[PDB]
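Each remark here refers to the structure printed beneath this line.
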There are 4 protein chains.
Amino acid sequence: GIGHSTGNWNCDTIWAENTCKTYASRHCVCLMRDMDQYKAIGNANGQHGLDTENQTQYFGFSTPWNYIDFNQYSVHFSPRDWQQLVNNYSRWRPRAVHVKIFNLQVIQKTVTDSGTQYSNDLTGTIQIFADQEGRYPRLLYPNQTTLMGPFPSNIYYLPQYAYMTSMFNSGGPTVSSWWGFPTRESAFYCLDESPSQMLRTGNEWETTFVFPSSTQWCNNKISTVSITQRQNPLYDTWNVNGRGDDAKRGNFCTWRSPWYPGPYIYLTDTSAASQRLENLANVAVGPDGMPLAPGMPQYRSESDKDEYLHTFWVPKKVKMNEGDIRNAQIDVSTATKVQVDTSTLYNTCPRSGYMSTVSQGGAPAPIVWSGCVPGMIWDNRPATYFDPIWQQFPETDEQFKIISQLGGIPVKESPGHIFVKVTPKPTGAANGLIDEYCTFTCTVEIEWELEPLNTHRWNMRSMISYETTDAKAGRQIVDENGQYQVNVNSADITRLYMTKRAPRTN
Amino acid sequence: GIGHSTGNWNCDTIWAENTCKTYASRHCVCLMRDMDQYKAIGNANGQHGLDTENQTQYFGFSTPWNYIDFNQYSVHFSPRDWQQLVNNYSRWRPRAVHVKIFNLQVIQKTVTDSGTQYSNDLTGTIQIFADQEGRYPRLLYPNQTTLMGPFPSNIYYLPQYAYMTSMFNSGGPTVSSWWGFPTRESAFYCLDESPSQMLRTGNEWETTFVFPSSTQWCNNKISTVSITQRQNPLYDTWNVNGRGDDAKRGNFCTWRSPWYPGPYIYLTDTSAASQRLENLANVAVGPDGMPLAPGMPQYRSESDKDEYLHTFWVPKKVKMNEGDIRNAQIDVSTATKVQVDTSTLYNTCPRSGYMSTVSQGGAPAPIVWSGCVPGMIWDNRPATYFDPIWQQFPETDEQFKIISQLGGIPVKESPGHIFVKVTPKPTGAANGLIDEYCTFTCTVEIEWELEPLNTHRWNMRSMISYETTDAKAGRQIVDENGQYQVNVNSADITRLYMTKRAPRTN
Amino acid sequence: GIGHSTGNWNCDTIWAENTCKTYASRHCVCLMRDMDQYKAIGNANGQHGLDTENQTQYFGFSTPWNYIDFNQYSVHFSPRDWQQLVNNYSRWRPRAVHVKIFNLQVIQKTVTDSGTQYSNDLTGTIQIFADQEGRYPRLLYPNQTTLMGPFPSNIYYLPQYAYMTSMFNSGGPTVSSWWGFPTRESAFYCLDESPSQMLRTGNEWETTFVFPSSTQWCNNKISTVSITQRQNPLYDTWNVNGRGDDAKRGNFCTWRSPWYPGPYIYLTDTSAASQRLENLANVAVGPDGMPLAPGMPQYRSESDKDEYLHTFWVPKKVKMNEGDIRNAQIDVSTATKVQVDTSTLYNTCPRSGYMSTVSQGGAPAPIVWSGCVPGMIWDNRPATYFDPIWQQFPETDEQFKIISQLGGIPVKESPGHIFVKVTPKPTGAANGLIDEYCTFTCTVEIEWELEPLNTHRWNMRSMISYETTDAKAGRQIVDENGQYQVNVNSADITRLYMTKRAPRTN
Amino acid sequence: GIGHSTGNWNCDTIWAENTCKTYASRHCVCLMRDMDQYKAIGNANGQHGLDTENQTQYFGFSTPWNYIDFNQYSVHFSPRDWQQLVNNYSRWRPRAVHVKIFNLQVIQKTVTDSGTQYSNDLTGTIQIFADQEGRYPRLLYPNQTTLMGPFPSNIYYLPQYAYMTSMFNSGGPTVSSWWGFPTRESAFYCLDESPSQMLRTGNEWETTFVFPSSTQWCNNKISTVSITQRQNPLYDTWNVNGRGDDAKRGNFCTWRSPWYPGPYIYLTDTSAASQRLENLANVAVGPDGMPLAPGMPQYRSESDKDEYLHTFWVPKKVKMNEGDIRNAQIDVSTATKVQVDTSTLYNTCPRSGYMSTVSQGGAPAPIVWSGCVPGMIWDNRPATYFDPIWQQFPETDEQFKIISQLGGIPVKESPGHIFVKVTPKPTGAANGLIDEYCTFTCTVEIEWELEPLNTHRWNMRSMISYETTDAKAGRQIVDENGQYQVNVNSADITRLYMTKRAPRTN
Ligand SMILES: [Mg+2]
Ligand SMILES: [Mg+2]
Ligand SMILES: [Mg+2]
Ligand SMILES: [Mg+2]
Ligand SMILES: [Mg+2]
Ligand SMILES: [Mg+2]
Ligand SMILES: [Mg+2]
Ligand SMILES: [Mg+2]
């Protein structure tokens with residue numbers, strides 16, 4: 001009946017030898033969206049202006065549905081879980097994802113002369129279905145504010161599910177209306193067409209996703225030797241140097257290499273005002289295009305250059321109940337700009353671009369774009385505790401070495417969206433519904449496959465170490481006001497939240 | 001006891017239908033290294049000057065241990081073995097590697113008023129362990145002087161095992177000390193930490209390595225038709241020419257191609273004095289960088305251009321007992337500079353760079369870097385009898401089409417180093433050891449998987465043929481002084497030692 | 001469903017021969033704490049001023065969770081239960097602790113123009129977990145106001161769980177901020193990370209703790225002979241007196257003793273105003289320190305000296321519903337200062353300090369600190385009905401004869417905290433929750449192992465006896481206003497509530 | 001026969017879940033001692049002068065025998081082994097000790113006009129016996145130079161076994177002869193009276209010791225809360241403050257404590273010249289006495305005060321072959337004075353001495369000696385990588401809480417000495433022996449029982465982390481000269497080599 005709990009809270013992380021199982025429980029608010037209406041959404045302005053909102057053209061639909069987005073490490077791992085993971089394991093990948101929705105409460109809001117009264121709707125339902133068929137558009141973009149909070153007691157407002165569809169603008173960037181955008185390929189999806197479980201309070205819901213065995217790993221390995229220095233220092237080579245002459249002793253950089261470092265793309269960083277996407281390094285795709293930053297993983301000496309480094313905001317502090325952040329922009333003052341530095345890429349990755357000329361005898365010049373040629377080896381950018389766990393990629397005919405420089409394990413199969421909405425309860429009058437929302441507990445269980453790191457080096461290795469400065473800074477703890485304070489800067493991510501800690505000998 | 005041999009000499013090559021088994025026996029000297037001390041080694045100078053020694057910065061360790069390096073074809077194949085291999089087989093790969101160490105003799109050297117006396121230390125031991133776990137740094141660089149000699153009676157001095165580790169120079173290229181180089185990732189490896197067999201005379205040792213079935217093949221196939229000429233000459237095509245017009249009869253080069261040749265990188269060759277790595281076509285990686293030569297396999301008409309051709313020294317003659325060559329540079333006058341020409345790449349490989357412009361209607365210009373695009377097909381550089389058999393690559397997150405332009409079958413798993421050192425026998429006094437070294441016989445057995453070549457062409461095919469000029473030049477024979485004389489020039493490698501002899505019909 | 005009770009009220013005490021089982025049922029209020037937020041708490045002022053609040057520096061966290069603290073005798077025993085226990089048994093210890101939580105009611109509070117309305121939230125949950133792993137900080141301090149009331153009908157407000165963590169102050173006692181205090185060892189604990197049962201009304205919860213068999217006993221034995229007088233009075237000894245001379249008849253104090261009394265520490269009592277911890281007998285530990293009172297158990301003739309006597313407040317009266325006492329100081333006028341006198345220690349314990357000199361022939365002087373030397377025997381301070389049952393001690397490397405002079409059976413394993421919180425029910429708006437709290441019945445069952453006292457003395461023994469003065473004083477009964485009135489003074493504890501009643505013959 | 005090795009080199013460390021097995025192999029030199037003579041040894045001077053040699057009086061015997069001393073962590077663990085141990089495990093203890101002696105070589109030294117010639121004595125024997133019965137005096141003193149070197153390739157010269165016996169000096173400290181010292185209790189032990197294995201080359205020897213299950217653990221736990229702060233910060237206590245008054249809110253230091261910190265002894269540090277033992281804090285025992293430093297474990301703010309901190313020399317660098325160090329004093333310039341700081345004792349240990357007075361109302365004064373009183377809890381000093389593994393204590397009637405402030409797990413049963421000597425081979429002439437010594441390989445295998453650390457704190461914990469400064473300093477690596485360079489200072493031991501890293505929650 002209505003008096004028995006349908007599930008239990010678990011945020012724990014359970015470590016086994018080669019596996020860990022993470023539990024993420026959140027108290028979840030499912031708000032009714034747009035009076036249970038699908039709405040066509042769009043933006044007519046295509047000027048692609050940086051620093052100014054609504055400059056890309058799109059056509060899409062916001063659904064009345066909400067969905068659950070747990071894809072980040074900070075959701076499923078406590079900071080010491082992350083410390084244990086990155087310090088002790090050379091790689092890891094998610095295996096099974098189990099999501100439970102339980103302890104449903106549909107709450108009727110009623111407005112009275114005094115405040116809003118909250119009453120249980122005992123027979124109220126919510127509708128839940130997991131879309132694992134790819135029946136509906138997947139929202140692929142990482143680290144969007146749709147995510148659960150890192151802290152267990154963060155109230156999670158399920159984001160409203162909305163998607164963009166194929167548009168075509170015959171007009172310019174300044175077109176006033178976006179109703180010229182829809183194309184015959186533009187697809188409206190009614191999620192109400194899908195079969196969905198209806199749940200009263202006392203009903204529970206669960207779904208399982210299993211990652212394929214082909215799922216790639218998040219690699220924690222760092223190379224302890226330059227790929228250029230793999231020769232024996234005490235011996236000459238029969239190979240010649242770069243220009244074909246004698247390879248000198250102890251001058252190894254001049255020796256011809258059996259391999260190349262990874263590809264390299266020169267990217268620019270502009271500080272100027274009123275710059276468009278076309279002022280950045282970019283490529284035009286479909287309606288708009290994309291910038292090329294951060295680009296190919298490459299060692300950078302500097303801690304701040306944002307065009308070559310994966311750069312993202314992390315919230316300084318996290319309020320427990322932030323409310324619904326739909327259509328809300330992250331306040332700049334509440335976050336910090338952090339850049340994941342490539343210092344861990346020093347041994348395996350190009351420090352500069354490939355330098356060559358077509359002119360015979362000409363001085364080698366930097367090559368804007370060096371695509372993958374046979375014999376390239378490179379390491380990926382380090383993951384962070386704030387990165388997505390996986391990155392689903394769009395279905396295309398052809399992929400090459402799929403990786404997101406933004407983060408996540410590139411996957412061709414990922415947990416589908418779990419769509420939730422409060423069943424509309426109409427008042428019997430036109431254009432009206434009984435005001436109500438759902439609260440429930442969602443536990444996300446992730447099976448993790450771990451590979452413990454193995455190093456026979458004599459000397460000690462670096463570890464992620466929580467320090468007194470970290471505690472005085474208030475990292476990974478709550479403040480006096482109840483806010484879980486991340487308090488992260490780029491140097492803090494190097495020292496705490498980066499992967500590629502595990503020294504690799506080969 | 002001490003009076004029975006622990007093994008037998010075998011240098012033979014045994015041919016089966018799809019397999020050959022090579023035996024390489026060498027009389028092996030294991031010298032004590034640095035009084036059984038691990039030493040930190042390094043070079044402070046980073047100016048990367050070509051033509052001048054000690055211009056790359058490195059930090060590493062020389063171990064007291066010695067290791068066995070057999071990775072070259074000339075070690076395991078006689079010249080006629082190579083002739084039989086390259087003439088009769090379209091491809092080959094190593095399968096199992098078996099190494100025997102037997103007939104150990106620990107020899108005590110004692111200095112007397114008259115000369116040095118040599119006595120057996122009958123209870124002296126050597127320590128041997130194969131590192132197949134990748135526990136210790138692998139020395140990946142091909143054709144380093146650590147190799148066994150091509151001739152069976154060459155005395156093989158086991159090279160001292162030394163490696164370079166991650167360094168970081170905050171200073172410039174001119175820094176005086178290399179003790180600023182070590183980093184927290186820099187790993188000292190004590191090989192004495194590994195379990196190792198101790199062997200007296202009368203003990204034998206063996207290890208087996210099996211290449212994975214995923215091991216790539218050394219390909220002996222040459223294309224007998226240009227990839228551009230694969231159309232039927234007698235018929236028109238419905239396809240258009242390059243600019244979209246009628247495809248004319250018997251003008252096939254102008255027809256649009258179903259495929260592209262391989263990637264192309266323009267490289268420069270500089271003859272100037274006092275040139276650094278940065279004057280060559282190159283890329284910066286970690287502490288130093290690498291030159292880009294020879295680059296992508298591409299047909300070259302000329303016999304000598306060293307920047308596009310795999311170029312290496314081959315010794316003119318090989319002394320049977322050369323002594324320990326540790327820290328010795330190959331004498332320029334004792335070797336010859338040979339360049340493996342790409343004439344066998346004529347049909348499958350780009351003869352020039354890709355020629356295109358961004359400017360509409362502009363004249364096509366050479367493209368410095370053409371990375372792999374979908375639809376590229378190409379052939380690898382031909383292997384030589386003097387190439388490594390395999391090339392292990394560094395462990396990285398990501399590889400693309402691993403190949404060494406220097407040679408060898410690119411492998412992700414290769415025989416690990418077999419480490420050998422004389423057990424230190426101390427005198428009972430500080431800083432002193434009984435002077436002693438080990439002689440033993442090492443047999444390296446390699447199983448080879450062969451694919452016999454199949455050609456139905458009516459006319460005869462080219463063969464590697466030993467000629468009277470080869471005999472008068474003294475190739476593949478000893479001279480009057482007992483030196484096995486290779487006497488090779490670039491033309492000699494084309495005619496004798498190159499692969500890609502097997503005509504491929506498709 | 002919601003219409004069936006999940007448990008029954010039991011406060012009874014059931015006596016068996018060697019065992020009693022106590023039941024403590026309380027009507028329990030679980031209040032939501034700090035809007036379900038973990039808050040960092042601390043005090044910056046370290047002046048350690050007596051008589052003034054907030055003079056110790058600490059850093060810690062208050063959790064949204066509540067916990068159950070039943071550790072006191074007056075909770076589990078009625079006064080006659082205590083009378084029966086102390087009169088009839090030489091010792092007792094707790095064996096099993098069983099806690100039931102049942103008849104849950106989540107009550108929504110709503111504010112209206114007229115008063116606050118209280119409605120059942122029928123699907124509301126609370127979260128409960130017992131932490132028996134020591135996963136979370138145990139609150140070790142005895143007789144803190146977190147306790148249940150002595151009387152069955154006392155409404156028990158579960159205390160908010162909060163803990164202090166390692167701090168380090170580089171500043172002085174006057175530092176303005178406590179955010180300098182956290183250290184790398186300072187640990188924030190999220191109790192929401194633990195798996196916890198969610199319970200609706202109609203769910204019940206229970207946990208069991210079993211004390212180890214190694215659990216010490218609360219000893220009710222008093223010695224009926226001085227440890228100094230254990231000789232036969234009618235006979236001389238061959239032993240000498242204290243200075244080595246003849247041991248005289250009937251002068252036994254001068255005879256050398258086979259044993260010593262317990263250790264002795266001189267403590268001071270200061271009445272002066274504006275005294276700090278450093279004016280008291282004390283020791284500095286970590287951030288602050290501790291006073292040394294009451295110190296080692298020692299006979300005191302006087303009824304009031306608080307530095308040598310276990311001293312604590314007992315409430316004069318106990319209101320049935322006192323409300324939530326979080327952050328509330330006991331009102332001085334509502335309690336009485338009672339001192340447990342050591343009169344029962346007269347025979348076994350030092351009446352003064354050890355008196356000796358280093359100077360040969362010098363007059364013996366009192367020794368400030370006499371630590372345990374071989375041959376010391378002593379009795380513990382008597383327990384009271386108002387003492388804790390057990391005292392858990394902090395985990396340390398080394399313990400010596402663990403005992404709390406404050407009370408309780410020293411234990412290395414005790415019932416863990418049972419953490420309870422109302423599941424936050426959000427309003428769907430930022431920073432807000434439906435105002436609600438839980439009422440439930442908690443029964444604490446304790447198995448007690450008893451040892452009946454055995455005395456063969458001819459004459460009667462003293463007993464705890466309720467007297468007409470006790471009834472006229474209103475002890476152990478309610479007053480006319482419904483308050484359960486303890487009405488205890490030091491003399492009242494000697495006569496009624498002390499242990500060590502059981503005469504021990506040996 | 002003589003041509004087969006009797007064992008294999010293993011220095012490896014093998015980690016299992018709850019166990020690790022360490023292998024320590026050393027090349028071991030057994031030198032003939034004193035021409036196979038037992039000699040009476042002694043020192044007549046008893047002035048106990050600090051800073052001057054031979055100031056203690058002793059009588060004893062040096063035996064012709066050598067023994068094996070492996071008792072230190074740095075012998076059996078590589079630095080990363082130590083890092084893995086201290087970072088991942090809350091405690092550890094040794095379980096079984098297995099010692100192998102194999103690959104024996106008896107070497108005859110012969111003097112010739114040119115140098116010394118070294119020849120195998122093939123039929124030469126050494127004598128080995130393990131004394132596990134306690135038949136012979138155990139050398140109990142920790143960290144004496146008799147130890148094996150930390151690095152695997154350190155040549156280990158077995159120390160000559162010598163012991164001191166009961167002496168009594170009726171004279172003064174200035175007596176000229178020590179032949180007055182022997183007493184009827186003074187015991188000469190002939191180790192040649194024991195049965196011992198004789199081994200030729202081709203014989204191997206092994207012994208096993210199993211630690212009792214009662215063996216204590218090396219504790220890696222640090223407390224994350226002060227033992228003074230274990231109360232709930234949000235609640236008042238019924239307990240009174242130190243002087244018996246109201247316990248104020250947030251002033252916890254003034255509350256009476258359920259426990260005391262550990263014992264405290266005030267120690268002095270004198271810098272003056274020509275000071276004797278009697279100028280230091282000390283106690284006279286038997287012939288001489290002992291100083292009291294470092295004393296009871298107590299938190300010290302300062303990094304350098306040597307009287308309260310465990311203080312010892314660590315060698316800056318370690319030569320591989322140092323020769324025989326018998327009767328050799330550590331060169332001051334070759335070591336560093338390091339002090340293990342008590343910062344990890346901050347929460348559990350007294351920061352100052354107990355402060356009290358006998359005078360009523362008198363100001364509390366520091367108490368020179370506070371011995372253990374009931375209710376004391378404390379933590380031990382942290383172990384270091386350079387500490388002994390165990391400390392055997394002398395057999396006595398009575399022990400109290402045996403611990404060495406110098407280090408090691410206090411044990412009543414430890415591996416006995418393995419005594420080795422070269423069998424004297426006489427020349428057939430009076431007072432002469434064929435000059436010979438033995439080299440052999442000794443492997444010491446230790447089974448370790450591990451307890452993995454378990455912490456549920458939300459935030460990260462501190463870790464031992466090898467840093468770039470550590471690598472630039474050359475720690476845990478060899479230098480360019482082949483010396484294994486420890487390069488340790490007090491701050492380096494805090495950060496790298498100390499135990500008590502594992503945060504303990506309770
Ligand atoms: Mg050239
Ligand atoms: Mg050279
Ligand atoms: Mg055209
Ligand atoms: Mg045509
Ligand atoms: Mg006398
Ligand atoms: Mg008498
Ligand atoms: Mg007082
Ligand atoms: Mg108070």
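Chain lettering (A, B, ...) mirrors the order of the structure tokens, residue numbering begins at 1 for each chain separately, and ligand numbering begins at 1 in order of display.
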Which of range 440-497 of chain A fall in strand (DSSP E or B), as a ChimeraX atom specification: /A:440-452,477-478,484-485
Nearby residues (only C-alpha atoms) at most 10 Å from residue 281 in chain C, same-chain spacing under 6 positions excluded, as a PyMOL selection string: (chain C and resi 265-270+290-293+295+307) or (chain D and resi 242-243+354-357+362-366)
At most 12 Å to chain D: residues in chain A, only C-alpha atoms, as a PyMOL selection string: chain A and resi 11-18+74+77-88+150-152+453-471+474-478+484-486+495-497+501+503
Within 8 Å of residue 312 in chain C using only C-alpha atoms, minus same-chain residues under 3 positions, as a ChimeraX atom specification: /C:337-339 /D:238-240,244
Selected residue of minimal separation from residue 369 in chain A among A:24, A:325, A:296, A:41, counting only C-alpha atoms: A:296
Contacts of ligand 2, 8 Å or closer, only C-alpha atoms and all ligand atoms, given as a ChimeraX atom specification: /A:236-240,246-249 /B:329-332
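Interatomic distance, CA of residue 230 in chain C against CA of residue 344 in chain C: 17.5 Å.
CA of residue 487 in chain B is found 8.2 Å from CA of residue 314 in chain B.
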Can you list, as a PDB file with N, CA, C and O atoms, in the first residue's frame, every protein, DNA or RNA residue that comes within 8 Å of residue 95 in chain A when you count only C-alpha atoms, leaving out same-chain residues fewer than 2 positions away?
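Contents of around_2.pdb, as written:
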```pdb
ATOM      1  N   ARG A  93      36.549   1.216 -16.221  1.00  0.00           N
ATOM      2  CA  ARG A  93      35.430   1.480 -17.104  1.00  0.00           C
ATOM      3  C   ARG A  93      34.149   1.080 -16.404  1.00  0.00           C
ATOM      4  O   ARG A  93      34.160   0.181 -15.558  1.00  0.00           O
ATOM      5  N   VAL A  97      24.974  -0.354 -15.414  1.00  0.00           N
ATOM      6  CA  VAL A  97      24.323   0.773 -14.769  1.00  0.00           C
ATOM      7  C   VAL A  97      22.934   0.328 -14.358  1.00  0.00           C
ATOM      8  O   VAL A  97      22.144  -0.114 -15.195  1.00  0.00           O
ATOM      9  N   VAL A 210      23.773  -2.498 -19.433  1.00  0.00           N
ATOM     10  CA  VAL A 210      25.075  -3.138 -19.388  1.00  0.00           C
ATOM     11  C   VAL A 210      25.899  -2.570 -20.527  1.00  0.00           C
ATOM     12  O   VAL A 210      25.492  -2.646 -21.691  1.00  0.00           O
ATOM     13  N   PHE A 211      27.035  -1.979 -20.192  1.00  0.00           N
ATOM     14  CA  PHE A 211      27.972  -1.573 -21.220  1.00  0.00           C
ATOM     15  C   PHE A 211      28.507  -2.792 -21.962  1.00  0.00           C
ATOM     16  O   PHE A 211      28.738  -3.838 -21.354  1.00  0.00           O
ATOM     17  N   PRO A 212      28.694  -2.693 -23.271  1.00  0.00           N
ATOM     18  CA  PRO A 212      29.325  -3.783 -24.013  1.00  0.00           C
ATOM     19  C   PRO A 212      30.734  -4.044 -23.512  1.00  0.00           C
ATOM     20  O   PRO A 212      31.388  -3.184 -22.921  1.00  0.00           O
ATOM     21  N   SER A 213      31.205  -5.261 -23.761  1.00  0.00           N
ATOM     22  CA  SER A 213      32.589  -5.585 -23.438  1.00  0.00           C
ATOM     23  C   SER A 213      33.557  -4.780 -24.292  1.00  0.00           C
ATOM     24  O   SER A 213      34.722  -4.615 -23.925  1.00  0.00           O
ATOM     25  N   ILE A 446      26.340   1.773 -10.431  1.00  0.00           N
ATOM     26  CA  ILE A 446      27.254   1.523 -11.534  1.00  0.00           C
ATOM     27  C   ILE A 446      28.262   0.475 -11.103  1.00  0.00           C
ATOM     28  O   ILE A 446      28.951   0.643 -10.094  1.00  0.00           O
ATOM     29  N   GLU A 447      28.325  -0.613 -11.857  1.00  0.00           N
ATOM     30  CA  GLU A 447      29.411  -1.569 -11.755  1.00  0.00           C
ATOM     31  C   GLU A 447      30.614  -1.008 -12.489  1.00  0.00           C
ATOM     32  O   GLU A 447      30.491  -0.531 -13.617  1.00  0.00           O
ATOM     33  N   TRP A 448      31.771  -1.070 -11.855  1.00  0.00           N
ATOM     34  CA  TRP A 448      32.997  -0.570 -12.444  1.00  0.00           C
ATOM     35  C   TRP A 448      33.986  -1.710 -12.555  1.00  0.00           C
ATOM     36  O   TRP A 448      34.173  -2.466 -11.601  1.00  0.00           O
ATOM     37  N   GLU A 449      34.615  -1.834 -13.708  1.00  0.00           N
ATOM     38  CA  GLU A 449      35.704  -2.775 -13.883  1.00  0.00           C
ATOM     39  C   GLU A 449      37.005  -2.016 -13.692  1.00  0.00           C
ATOM     40  O   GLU A 449      37.233  -0.999 -14.346  1.00  0.00           O
TER      41      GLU A 449
END
```
Residue contacts of residue 323 in chain B (8 Å, only C-alpha atoms) excluding same-chain residues fewer than 2 positions away, as JSON, numbers by chain: {"B": [155, 157, 321, 325]}
